[PDB]
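Dropping work09.cif in here (mmCIF, N, CA, C and O atoms):
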```
data_work
#
loop_
_atom_site.label_atom_id
_atom_site.label_comp_id
_atom_site.auth_asym_id
_atom_site.auth_seq_id
_atom_site.Cartn_x
_atom_site.Cartn_y
_atom_site.Cartn_z
N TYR K 199 -37.06 -66.38 49.66
CA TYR K 199 -37.57 -65.94 48.37
C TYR K 199 -36.64 -64.87 47.85
O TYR K 199 -36.22 -63.98 48.60
N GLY K 200 -36.32 -64.95 46.56
CA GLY K 200 -35.39 -64.04 45.93
C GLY K 200 -33.95 -64.50 45.83
O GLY K 200 -33.12 -63.79 45.26
N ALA K 201 -33.63 -65.67 46.37
CA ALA K 201 -32.30 -66.25 46.17
C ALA K 201 -32.11 -66.52 44.69
O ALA K 201 -32.98 -67.09 44.04
N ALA K 202 -30.96 -66.12 44.16
CA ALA K 202 -30.75 -66.16 42.72
C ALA K 202 -29.93 -67.37 42.30
O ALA K 202 -30.27 -68.03 41.33
N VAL K 203 -28.87 -67.66 43.05
CA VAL K 203 -28.12 -68.89 42.81
C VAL K 203 -27.62 -69.51 44.10
O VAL K 203 -27.10 -68.82 44.97
N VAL K 204 -27.76 -70.83 44.18
CA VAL K 204 -27.26 -71.58 45.32
C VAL K 204 -26.25 -72.61 44.88
O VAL K 204 -26.59 -73.58 44.19
N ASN K 205 -24.99 -72.37 45.27
CA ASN K 205 -23.85 -73.22 44.93
C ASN K 205 -23.38 -74.08 46.09
O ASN K 205 -23.69 -73.80 47.24
N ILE K 206 -22.67 -75.15 45.77
CA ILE K 206 -22.06 -76.01 46.78
C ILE K 206 -20.55 -75.80 46.78
O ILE K 206 -19.81 -76.42 46.01
N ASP K 207 -20.09 -74.90 47.65
CA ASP K 207 -18.69 -74.54 47.71
C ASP K 207 -17.97 -75.29 48.83
O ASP K 207 -18.61 -75.74 49.79
N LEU K 208 -16.65 -75.41 48.72
CA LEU K 208 -15.84 -75.89 49.84
C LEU K 208 -16.07 -74.93 50.98
O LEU K 208 -16.12 -73.72 50.78
N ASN K 209 -16.17 -75.48 52.18
CA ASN K 209 -16.52 -74.71 53.36
C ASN K 209 -15.37 -73.87 53.92
O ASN K 209 -14.39 -74.41 54.41
N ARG K 210 -15.53 -72.54 53.87
CA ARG K 210 -14.49 -71.62 54.35
C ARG K 210 -14.23 -71.75 55.85
O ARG K 210 -13.11 -71.53 56.30
N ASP K 211 -15.26 -72.08 56.61
CA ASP K 211 -15.11 -72.15 58.06
C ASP K 211 -14.26 -73.34 58.49
O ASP K 211 -13.73 -73.36 59.59
N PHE K 212 -14.14 -74.33 57.61
CA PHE K 212 -13.29 -75.48 57.90
C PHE K 212 -11.95 -75.41 57.18
O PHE K 212 -10.90 -75.63 57.80
N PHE K 213 -11.97 -75.13 55.89
CA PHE K 213 -10.74 -74.85 55.14
C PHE K 213 -10.35 -73.38 55.34
O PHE K 213 -10.46 -72.55 54.44
N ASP K 214 -9.91 -73.08 56.56
CA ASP K 214 -9.65 -71.72 57.01
C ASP K 214 -8.34 -71.16 56.47
O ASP K 214 -7.55 -71.88 55.87
N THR K 215 -8.13 -69.87 56.70
CA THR K 215 -6.90 -69.20 56.31
C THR K 215 -5.70 -69.78 57.05
O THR K 215 -4.57 -69.64 56.61
N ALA K 216 -5.96 -70.41 58.19
CA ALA K 216 -4.90 -71.07 58.95
C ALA K 216 -4.28 -72.22 58.17
O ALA K 216 -3.11 -72.55 58.36
N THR K 217 -5.06 -72.84 57.29
CA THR K 217 -4.57 -73.93 56.44
C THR K 217 -3.94 -73.41 55.15
O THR K 217 -3.48 -74.20 54.32
N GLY K 218 -3.94 -72.10 54.97
CA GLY K 218 -3.34 -71.47 53.81
C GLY K 218 -4.32 -71.23 52.68
O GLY K 218 -4.07 -70.42 51.80
N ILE K 219 -5.46 -71.93 52.73
CA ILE K 219 -6.42 -71.93 51.62
C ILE K 219 -7.20 -70.63 51.47
O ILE K 219 -7.58 -70.00 52.46
N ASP K 220 -7.47 -70.24 50.23
CA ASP K 220 -8.20 -69.02 49.92
C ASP K 220 -9.34 -69.36 48.98
O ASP K 220 -9.14 -69.54 47.78
N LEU K 221 -10.54 -69.46 49.53
CA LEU K 221 -11.67 -69.97 48.78
C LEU K 221 -12.48 -68.90 48.06
O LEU K 221 -13.50 -69.21 47.43
N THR K 222 -12.03 -67.66 48.14
CA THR K 222 -12.82 -66.52 47.69
C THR K 222 -13.12 -66.54 46.19
O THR K 222 -14.13 -65.99 45.76
N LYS K 223 -12.26 -67.18 45.41
CA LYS K 223 -12.44 -67.22 43.97
C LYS K 223 -13.07 -68.52 43.46
O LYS K 223 -13.08 -68.80 42.27
N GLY K 224 -13.61 -69.31 44.38
CA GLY K 224 -14.34 -70.51 44.02
C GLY K 224 -13.48 -71.75 43.86
O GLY K 224 -13.99 -72.83 43.54
N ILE K 225 -12.18 -71.60 44.06
CA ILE K 225 -11.29 -72.75 44.11
C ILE K 225 -10.33 -72.54 45.27
O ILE K 225 -10.10 -71.41 45.68
N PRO K 226 -9.81 -73.63 45.83
CA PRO K 226 -8.72 -73.50 46.80
C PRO K 226 -7.45 -72.93 46.15
O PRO K 226 -7.16 -73.25 45.00
N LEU K 227 -6.69 -72.12 46.88
CA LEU K 227 -5.49 -71.50 46.32
C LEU K 227 -4.43 -71.25 47.40
O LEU K 227 -4.59 -70.34 48.21
N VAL K 228 -3.36 -72.04 47.40
CA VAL K 228 -2.27 -71.86 48.39
C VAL K 228 -0.99 -71.27 47.78
O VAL K 228 -0.55 -71.69 46.71
N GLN K 229 -0.39 -70.31 48.47
CA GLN K 229 0.56 -69.38 47.86
C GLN K 229 1.91 -69.88 47.34
O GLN K 229 2.25 -69.66 46.18
N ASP K 230 2.70 -70.53 48.19
CA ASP K 230 4.06 -70.89 47.78
C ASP K 230 4.35 -72.36 48.03
O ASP K 230 5.30 -72.71 48.73
N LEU K 231 3.52 -73.21 47.46
CA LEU K 231 3.63 -74.65 47.64
C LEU K 231 4.38 -75.20 46.43
O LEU K 231 5.60 -75.40 46.48
N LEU K 232 3.66 -75.41 45.33
CA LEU K 232 4.26 -76.00 44.14
C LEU K 232 4.56 -74.98 43.04
O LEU K 232 4.10 -75.13 41.91
N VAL K 233 5.33 -73.94 43.36
CA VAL K 233 5.61 -72.92 42.35
C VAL K 233 6.49 -73.44 41.22
O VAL K 233 7.47 -74.15 41.47
N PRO K 234 6.11 -73.14 39.97
CA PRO K 234 6.96 -73.37 38.80
C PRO K 234 8.20 -72.48 38.87
O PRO K 234 8.14 -71.38 39.41
N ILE K 235 9.32 -72.97 38.36
CA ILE K 235 10.52 -72.15 38.28
C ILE K 235 10.79 -71.90 36.81
O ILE K 235 10.29 -72.64 35.96
N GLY K 236 11.55 -70.85 36.51
CA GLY K 236 11.90 -70.56 35.14
C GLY K 236 10.81 -69.91 34.30
O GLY K 236 10.79 -70.07 33.08
N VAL K 237 9.91 -69.18 34.95
CA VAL K 237 8.81 -68.52 34.25
C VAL K 237 8.57 -67.09 34.74
O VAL K 237 9.06 -66.70 35.79
N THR K 238 7.81 -66.32 33.96
CA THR K 238 7.54 -64.91 34.26
C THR K 238 6.66 -64.72 35.50
O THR K 238 5.92 -65.62 35.88
N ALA K 239 6.76 -63.54 36.11
CA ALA K 239 6.29 -63.32 37.48
C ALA K 239 4.81 -63.60 37.75
O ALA K 239 4.45 -63.99 38.86
N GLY K 240 3.95 -63.39 36.77
CA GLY K 240 2.54 -63.68 36.95
C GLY K 240 2.15 -65.12 36.65
O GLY K 240 0.97 -65.48 36.74
N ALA K 241 3.13 -65.94 36.28
CA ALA K 241 2.85 -67.28 35.77
C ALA K 241 2.81 -68.38 36.83
O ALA K 241 2.57 -69.54 36.50
N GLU K 242 3.07 -68.03 38.08
CA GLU K 242 2.95 -69.00 39.16
C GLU K 242 1.50 -69.39 39.49
O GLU K 242 1.25 -70.47 40.01
N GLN K 243 0.55 -68.52 39.14
CA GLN K 243 -0.80 -68.52 39.74
C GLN K 243 -1.63 -69.79 39.58
O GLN K 243 -2.35 -70.18 40.50
N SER K 244 -1.54 -70.46 38.44
CA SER K 244 -2.35 -71.66 38.23
C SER K 244 -1.92 -72.79 39.17
O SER K 244 -2.74 -73.61 39.60
N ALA K 245 -0.64 -72.81 39.53
CA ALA K 245 -0.13 -73.80 40.48
C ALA K 245 -0.80 -73.62 41.84
O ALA K 245 -0.96 -74.59 42.58
N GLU K 246 -1.23 -72.39 42.13
CA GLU K 246 -1.89 -72.10 43.40
C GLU K 246 -3.13 -72.96 43.51
O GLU K 246 -3.56 -73.28 44.62
N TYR K 247 -3.70 -73.35 42.37
CA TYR K 247 -4.86 -74.22 42.38
C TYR K 247 -4.51 -75.65 42.78
O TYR K 247 -5.20 -76.24 43.61
N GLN Y 1285 31.82 -51.83 -35.22
CA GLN Y 1285 32.63 -52.43 -34.16
C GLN Y 1285 32.32 -51.91 -32.75
O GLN Y 1285 32.15 -50.71 -32.54
N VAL Y 1286 32.25 -52.84 -31.80
CA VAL Y 1286 31.91 -52.53 -30.41
C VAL Y 1286 33.01 -51.73 -29.71
O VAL Y 1286 34.20 -52.01 -29.91
N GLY Y 1287 32.61 -50.77 -28.89
CA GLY Y 1287 33.55 -49.90 -28.19
C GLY Y 1287 34.48 -50.60 -27.22
O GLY Y 1287 34.05 -51.39 -26.38
N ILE Y 1288 35.77 -50.30 -27.33
CA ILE Y 1288 36.79 -50.91 -26.49
C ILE Y 1288 36.63 -50.41 -25.06
O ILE Y 1288 36.49 -49.21 -24.84
N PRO Y 1289 36.65 -51.33 -24.09
CA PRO Y 1289 36.56 -50.88 -22.69
C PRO Y 1289 37.72 -49.97 -22.30
O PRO Y 1289 38.85 -50.21 -22.69
N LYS Y 1290 37.42 -48.93 -21.51
CA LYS Y 1290 38.40 -47.91 -21.20
C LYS Y 1290 39.56 -48.43 -20.36
O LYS Y 1290 40.68 -47.96 -20.50
N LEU Y 1291 39.27 -49.39 -19.49
CA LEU Y 1291 40.31 -49.99 -18.68
C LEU Y 1291 41.22 -50.93 -19.49
O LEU Y 1291 42.34 -51.21 -19.08
N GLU Y 1292 40.72 -51.40 -20.63
CA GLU Y 1292 41.49 -52.30 -21.49
C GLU Y 1292 42.73 -51.64 -22.13
O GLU Y 1292 43.72 -52.32 -22.40
N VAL Y 1293 42.67 -50.33 -22.35
CA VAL Y 1293 43.78 -49.60 -22.99
C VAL Y 1293 44.36 -48.51 -22.11
O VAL Y 1293 43.74 -48.08 -21.14
N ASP Y 1294 45.56 -48.04 -22.46
CA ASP Y 1294 46.33 -47.16 -21.58
C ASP Y 1294 46.02 -45.64 -21.60
O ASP Y 1294 46.58 -44.90 -20.79
N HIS Y 1295 45.16 -45.16 -22.49
CA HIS Y 1295 44.82 -43.74 -22.50
C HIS Y 1295 43.97 -43.34 -21.31
O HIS Y 1295 43.10 -44.11 -20.89
N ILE Y 1296 44.21 -42.15 -20.78
CA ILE Y 1296 43.32 -41.57 -19.78
C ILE Y 1296 42.10 -40.97 -20.46
O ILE Y 1296 42.20 -40.48 -21.58
N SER Y 1297 40.95 -41.00 -19.77
CA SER Y 1297 39.70 -40.40 -20.25
C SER Y 1297 38.99 -39.63 -19.13
O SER Y 1297 38.75 -40.19 -18.06
N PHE Y 1298 38.65 -38.37 -19.38
CA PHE Y 1298 38.04 -37.55 -18.33
C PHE Y 1298 36.55 -37.29 -18.46
O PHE Y 1298 36.00 -36.51 -17.69
N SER Y 1299 35.91 -37.92 -19.43
CA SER Y 1299 34.47 -37.89 -19.47
C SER Y 1299 33.93 -39.31 -19.36
O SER Y 1299 34.15 -40.13 -20.25
N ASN Y 1300 33.21 -39.59 -18.28
CA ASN Y 1300 32.78 -40.94 -18.02
C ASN Y 1300 31.40 -40.95 -17.40
O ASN Y 1300 30.97 -39.95 -16.84
N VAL Y 1301 30.69 -42.08 -17.52
CA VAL Y 1301 29.33 -42.17 -17.01
C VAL Y 1301 29.24 -42.85 -15.65
O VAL Y 1301 29.30 -44.07 -15.55
N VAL Y 1302 29.10 -42.05 -14.60
CA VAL Y 1302 28.97 -42.59 -13.26
C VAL Y 1302 27.51 -42.78 -12.86
O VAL Y 1302 26.68 -41.89 -13.03
N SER Y 1303 27.21 -43.98 -12.38
CA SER Y 1303 25.92 -44.28 -11.80
C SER Y 1303 25.81 -43.71 -10.40
O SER Y 1303 26.79 -43.66 -9.66
N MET Y 1304 24.61 -43.30 -10.02
CA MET Y 1304 24.41 -42.54 -8.80
C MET Y 1304 23.04 -42.83 -8.23
O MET Y 1304 22.10 -43.10 -8.96
N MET Y 1305 22.94 -42.77 -6.91
CA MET Y 1305 21.63 -42.68 -6.28
C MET Y 1305 21.09 -41.28 -6.52
O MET Y 1305 21.84 -40.30 -6.52
N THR Y 1306 19.78 -41.18 -6.74
CA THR Y 1306 19.17 -39.90 -7.01
C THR Y 1306 19.17 -39.01 -5.76
O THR Y 1306 19.15 -37.78 -5.86
N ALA Y 1307 19.22 -39.65 -4.60
CA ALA Y 1307 19.23 -38.94 -3.32
C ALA Y 1307 19.78 -39.85 -2.25
O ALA Y 1307 19.93 -41.05 -2.48
N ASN Y 1308 20.08 -39.29 -1.09
CA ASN Y 1308 20.71 -40.06 -0.02
C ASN Y 1308 19.84 -41.24 0.38
O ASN Y 1308 18.63 -41.10 0.54
N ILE Y 1309 20.46 -42.40 0.53
CA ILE Y 1309 19.70 -43.62 0.80
C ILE Y 1309 19.65 -44.00 2.28
O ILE Y 1309 18.93 -44.93 2.67
N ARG Y 1310 20.40 -43.28 3.10
CA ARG Y 1310 20.37 -43.49 4.55
C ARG Y 1310 19.27 -42.66 5.21
O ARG Y 1310 19.14 -42.65 6.44
N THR Y 1311 18.49 -41.96 4.40
CA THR Y 1311 17.51 -41.01 4.91
C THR Y 1311 16.39 -41.63 5.75
O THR Y 1311 15.86 -40.98 6.65
N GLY Y 1312 16.06 -42.89 5.49
CA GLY Y 1312 14.90 -43.52 6.11
C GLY Y 1312 15.08 -43.96 7.55
O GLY Y 1312 16.19 -43.96 8.09
N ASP Y 1313 13.97 -44.32 8.19
CA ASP Y 1313 14.00 -44.86 9.54
C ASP Y 1313 14.72 -46.21 9.59
O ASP Y 1313 14.59 -47.03 8.67
N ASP Y 1314 15.49 -46.43 10.65
CA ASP Y 1314 16.17 -47.70 10.84
C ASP Y 1314 15.18 -48.81 11.20
O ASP Y 1314 14.17 -48.56 11.85
N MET Y 1315 15.49 -50.02 10.76
CA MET Y 1315 14.69 -51.20 11.06
C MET Y 1315 14.66 -51.47 12.56
O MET Y 1315 15.66 -51.31 13.25
N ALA Y 1316 13.50 -51.88 13.06
CA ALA Y 1316 13.39 -52.26 14.47
C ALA Y 1316 12.50 -53.49 14.59
O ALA Y 1316 11.54 -53.65 13.84
N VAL Y 1317 12.81 -54.35 15.55
CA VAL Y 1317 12.05 -55.58 15.71
C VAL Y 1317 11.47 -55.70 17.10
O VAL Y 1317 11.86 -54.99 18.04
N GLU Y 1318 10.51 -56.63 17.21
CA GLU Y 1318 9.86 -56.96 18.46
C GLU Y 1318 10.32 -58.34 18.88
O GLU Y 1318 9.70 -59.34 18.54
N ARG Y 1319 11.45 -58.41 19.58
CA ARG Y 1319 11.87 -59.68 20.18
C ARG Y 1319 10.94 -60.10 21.32
O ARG Y 1319 10.63 -59.29 22.19
N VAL Y 1320 10.55 -61.36 21.35
CA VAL Y 1320 9.72 -61.85 22.45
C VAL Y 1320 10.19 -63.22 22.94
O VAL Y 1320 9.86 -64.26 22.37
N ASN Y 1321 10.98 -63.18 24.01
CA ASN Y 1321 11.68 -64.35 24.51
C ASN Y 1321 10.72 -65.38 25.11
O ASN Y 1321 9.63 -65.02 25.54
N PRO Y 1322 11.12 -66.67 25.13
CA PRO Y 1322 10.21 -67.79 25.42
C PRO Y 1322 9.59 -67.76 26.82
O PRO Y 1322 10.20 -67.24 27.75
N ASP Y 1323 8.37 -68.29 26.95
CA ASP Y 1323 7.66 -68.26 28.22
C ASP Y 1323 8.38 -68.99 29.36
O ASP Y 1323 8.58 -68.41 30.43
N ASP Y 1324 8.80 -70.23 29.11
CA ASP Y 1324 9.47 -71.04 30.13
C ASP Y 1324 10.77 -71.58 29.57
O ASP Y 1324 10.78 -72.16 28.49
N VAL Y 1325 11.86 -71.37 30.30
CA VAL Y 1325 13.16 -71.85 29.85
C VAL Y 1325 13.26 -73.37 29.84
O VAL Y 1325 13.93 -73.96 29.00
N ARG Y 1326 12.55 -74.01 30.75
CA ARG Y 1326 12.62 -75.46 30.87
C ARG Y 1326 11.85 -76.15 29.75
O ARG Y 1326 12.06 -77.33 29.48
N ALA Y 1327 10.95 -75.41 29.12
CA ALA Y 1327 10.08 -75.96 28.09
C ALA Y 1327 10.72 -75.88 26.72
O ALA Y 1327 10.22 -76.48 25.77
N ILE Y 1328 11.82 -75.14 26.62
CA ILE Y 1328 12.50 -74.91 25.34
C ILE Y 1328 13.02 -76.21 24.75
O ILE Y 1328 13.64 -77.01 25.44
N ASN Y 1329 12.78 -76.42 23.46
CA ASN Y 1329 13.28 -77.63 22.81
C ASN Y 1329 14.56 -77.38 22.03
O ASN Y 1329 14.52 -77.03 20.85
N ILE Y 1330 15.69 -77.58 22.69
CA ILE Y 1330 16.99 -77.36 22.05
C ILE Y 1330 17.42 -78.58 21.24
O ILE Y 1330 18.45 -78.56 20.57
N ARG Y 1331 16.62 -79.63 21.33
CA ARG Y 1331 16.88 -80.89 20.63
C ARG Y 1331 16.71 -80.71 19.12
O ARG Y 1331 16.93 -79.62 18.59
N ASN Y 1332 16.34 -81.80 18.45
CA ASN Y 1332 16.15 -81.83 16.99
C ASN Y 1332 17.47 -81.68 16.24
O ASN Y 1332 17.55 -81.91 15.03
N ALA Y 1333 18.53 -81.35 16.98
CA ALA Y 1333 19.84 -81.05 16.43
C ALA Y 1333 19.77 -79.92 15.41
O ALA Y 1333 20.62 -79.81 14.53
#
```

Would you encode the structure as structure tokens?
Amino acid sequence: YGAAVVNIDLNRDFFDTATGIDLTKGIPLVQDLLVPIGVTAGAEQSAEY
Amino acid sequence: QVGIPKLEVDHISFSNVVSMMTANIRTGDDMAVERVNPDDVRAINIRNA
């Protein structure tokens, strides 16, 4: 009683940090896989998705 | 009869009407712009000729 929202997220215990994945923001995000070239320093981030 | 232009004839003349700025015209602030170079170099369209 008192639960406010119940979501169905990708499972952190299986998609672990060992696999590179970062589920904290509600989407998977891996750091230096498909980086765009020729763009400004903060502009890589969407590729992390 | 209309006045003969002073350069048209050989007499010297020491009273003449010079046009002038009322005050120095370099007094103002210099122009400055906000250049903002393109987001992605690969996306630039150099085509169209």

What residues in chain Y lie within 6 Å of chain K, counting all atoms listed in the file, written as an MDAnalysis selection string? chainID Y and resid 1323:1326

Can I get the selection written as a PDB file, in the coordinates of the input, with N, CA, C and O atoms?
```pdb
ATOM      1  N   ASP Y1323       8.370 -68.290  26.950  1.00  0.00           N
ATOM      2  CA  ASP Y1323       7.660 -68.260  28.220  1.00  0.00           C
ATOM      3  C   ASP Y1323       8.380 -68.990  29.360  1.00  0.00           C
ATOM      4  O   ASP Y1323       8.580 -68.410  30.430  1.00  0.00           O
ATOM      5  N   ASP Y1324       8.800 -70.230  29.110  1.00  0.00           N
ATOM      6  CA  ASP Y1324       9.470 -71.040  30.130  1.00  0.00           C
ATOM      7  C   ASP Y1324      10.770 -71.580  29.570  1.00  0.00           C
ATOM      8  O   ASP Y1324      10.780 -72.160  28.490  1.00  0.00           O
ATOM      9  N   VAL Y1325      11.860 -71.370  30.300  1.00  0.00           N
ATOM     10  CA  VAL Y1325      13.160 -71.850  29.850  1.00  0.00           C
ATOM     11  C   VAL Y1325      13.260 -73.370  29.840  1.00  0.00           C
ATOM     12  O   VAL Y1325      13.930 -73.960  29.000  1.00  0.00           O
ATOM     13  N   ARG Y1326      12.550 -74.010  30.750  1.00  0.00           N
ATOM     14  CA  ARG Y1326      12.620 -75.460  30.870  1.00  0.00           C
ATOM     15  C   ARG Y1326      11.850 -76.150  29.750  1.00  0.00           C
ATOM     16  O   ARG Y1326      12.060 -77.330  29.480  1.00  0.00           O
TER      17      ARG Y1326
END
```

Please enumerate the residues selected by the PyMOL selection byres ((chain K and resi 228) around 6) when evaluated against the supplied file, formatted as a PyMOL selection string. chain K and resi 218-220+226-227+229-232+245-247

So the first atom is atom N of residue 224 in chain K and the second is atom N of residue 208 in chain K; what is the distance between them in Å, to one decimal place?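 Interatomic distance, atom N of residue 224 in chain K to atom N of residue 208 in chain K: 8.1 Å.
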
Long-range neighbours of residue 209 in chain K as a list in words, 8 Å cut-off, all atoms listed in the file, 4 positions minimum in chain: residues 213, 214 and 221 of chain K

Return as AutoDock Vina command-line options the centre and edge lengths, in Å with one decimal, of the box along x, y and z that encloses every atom of range 1314-1327 of chain Y in the file, padded by 8 Å per side.
```
--center_x 11.9 --center_y -61.9 --center_z 20.8 --size_x 24.5 --size_y 46.9 --size_z 36.2
```

One decimal, Å: what's the distance from atom N of residue 1329 in chain Y over to atom N of residue 1316 in chain Y, could you say?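 Atom-to-atom, atom N of residue 1329 in chain Y to atom N of residue 1316 in chain Y, that is 26.7 Å.
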
Atomic separation - atom C of residue 1301 in chain Y relative to atom C of residue 1287 in chain Y, Å: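 Between atom C of residue 1287 in chain Y and atom C of residue 1301 in chain Y the gap is 14.9 Å.
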
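Per DSSP on the backbone, helix (DSSP H, G or I) in chain K comprises residues 215, 216, 217, 239, 240, 241, 242, 243, 244, 245 and 246 of chain K.
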